[PDB]
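In: sharing the initial chains of the complex here, in place:
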Amino acid sequence: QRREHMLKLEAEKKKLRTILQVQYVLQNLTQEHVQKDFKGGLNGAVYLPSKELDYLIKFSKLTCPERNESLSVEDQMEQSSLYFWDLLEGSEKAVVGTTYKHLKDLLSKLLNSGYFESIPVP
């Protein structure tokens, strides 16, 4: 019977989905125009206190960094992948002046919003 292994695989696919989704949100927070919207509460952006939004901006540069040719593509993806992993783990480990746990909570606010469903163009 093929029911048990498929449930675990269904969950593993789901985590990958959540990761790519978190990536989609943060990659957009890298953009200057999106940041201003959150800074002023514009265009359906959910309200965040200024320091809370700053955590997400600093963290996005780690998950979605610009290329560093000092590292191999493999070593930089390894660095980036760990940030996604530890975010979803949501441990109390410190990162960017806060915790992976706190960032995960904030990202759930952002995923649950509708600002990213249709993103405004500059």
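Out: Cool, the structure landed. Numbering: from 1, shown residues only, chains lettered A, B, ... in the order given.
In: tell me where chain A has strands.
Out: When assigned using DSSP state E, the strands of chain A occupy the ranges A:94-95, A:98-99.
In: what's the spacing between residue A:24 and residue A:13?
Out: To residue A:13, residue A:24 is 16 Å away according to Cβ to Cβ, to the nearest Å. All C-beta spots, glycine's among them, are computed from the backbone N, C-alpha and C.
In: counting neighbours, go ahead and name the busier of those two.
Out: Just comparing residue A:24 and residue A:13: by other Cβ atoms under 10 Å the higher neighbour count belongs to residue A:24, 13 against 10.
In: run through the residues that contact that one.
Out: Residues near residue A:24 by Cβ atoms under 8 Å, 6 or more residues apart in numbering: residue A:116.
In: same check on residue A:86?
Out: Contacts were defined as Cβ under 8 Å, 6+ apart; by that measure residue A:86 touches A:93, A:95, A:100.
In: spatially nearest residue to the residue nearest in space to the middle of chain A (excluding sequence neighbours)?
Out: Nearest to the geometric centre of chain A sits residue A:22, at 3.7 Å (Cα atoms, centre = their mean). Excluding the flanking residues, the one nearest residue A:22 by Cβ to Cβ, 6 or more residues apart in numbering is residue A:107, at 5.7 Å.
In: just checking, that neighbour touches residue A:21?
Out: No - if you go by Cβ atoms under 8 Å, residue A:107 and residue A:21 don't touch, sitting 9.1 Å apart.
In: ok, these two, which is more surrounded?
Out: Using other Cβ under 10 Å as the criterion, residue A:107 and residue A:21 rank with residue A:107 on top: 21 against 14.
In: look up how far residue A:88 lies from the more buried one.
Out: Distance, residue A:107 to residue A:88, using Cβ to Cβ: 9 Å.
In: here is chain B, add it in:
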Amino acid sequence: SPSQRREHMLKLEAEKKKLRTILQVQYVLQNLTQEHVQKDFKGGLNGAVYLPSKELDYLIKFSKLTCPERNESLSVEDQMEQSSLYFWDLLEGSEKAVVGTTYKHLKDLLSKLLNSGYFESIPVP
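Out: To build on what is shown above, here is chain B added in:
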């Protein structure tokens, strides 16, 4: 318990490795969406490895699935479900049909491109 904990230590390492591999494949495919990179691969112009015209065409088509443009008919969550599955089945490398070839064949081609070192430093237009 130390057999409970070593086995568990091994699975996390395997999961972290797979996620890294996904991001690498994503970096490659996302870059193949670009016109100028495609011209390099059609020839041998900047260290691009040789690929026959149909095989490279498989990669270009597959990249639009893994790295699609936004479809507002679907929620972001629902478009990430479709998109993520292309990454999963690629790593699975089964004989299942996709884009006029198989996931297994695409995985082999993608391993050539990762190993080519073309992507270590990407040339600017």
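In: check the contacts of residue A:24 one more time with chain B there.
Out: The neighbours of residue A:24, taking Cβ atoms under 8 Å, 6 or more residues apart in numbering or on different chains as the test, are A:116, B:76, B:80.
In: and for residue A:66?
Out: Contacts of residue A:66 (Cβ under 8 Å, 6+ apart): none.
In: thought residue A:36 was touching residue A:42?
Out: Yes - using Cβ under 8 Å, residue A:36 makes contact with residue A:42 at a distance of 7.1 Å.
In: please work out how many residues are found near residue A:114.
Out: 11 (other Cβ atoms under 10 Å in any protein chain shown).
In: which helix runs longest in chain A?
Out: helix A:4-29 (DSSP state H).
In: give the buried residues for that one.
Out: Judged by neighbour count (16 or more other Cβ atoms under 10 Å in any protein chain shown), helix A:4-29 contains these buried residues: A:13, A:16-26, A:28-29.
In: between it and helix B:76-92, what angle do the directions make?
Out: Comparing the axes of helix A:4-29 and helix B:76-92 via axes from the mean of the first three to the mean of the last three Cα atoms, to 10 degrees yields an angle of 120 degrees.
In: for the closest residue to residue A:84 other than its chain neighbours, list the residues it contacts.
Out: Leaving aside its sequence neighbours, residue A:84 sits nearest to residue A:19 (Cβ to Cβ, 6 or more residues apart in numbering or on different chains; 5.1 Å). Shown in contact with residue A:19 (Cβ under 8 Å, 6+ apart): A:84, A:88, B:19.
In: write out the residues of chain A neighbouring chain B.
Out: Selection of chain A residues close to chain B by Cβ under 8 Å from any Cβ of the partner chain yields A:12-13, A:16-17, A:19-21, A:24, A:67, A:69, A:72-74, A:77-78, A:80-82, A:84-85, A:111, A:116-119.
In: go with 6 Å
Out: Contact residues, chain A versus chain B (Cβ under 6 Å from any Cβ of the partner chain): A:13, A:16-17, A:20-21, A:69, A:73, A:77-78, A:80-81, A:85, A:116-118.
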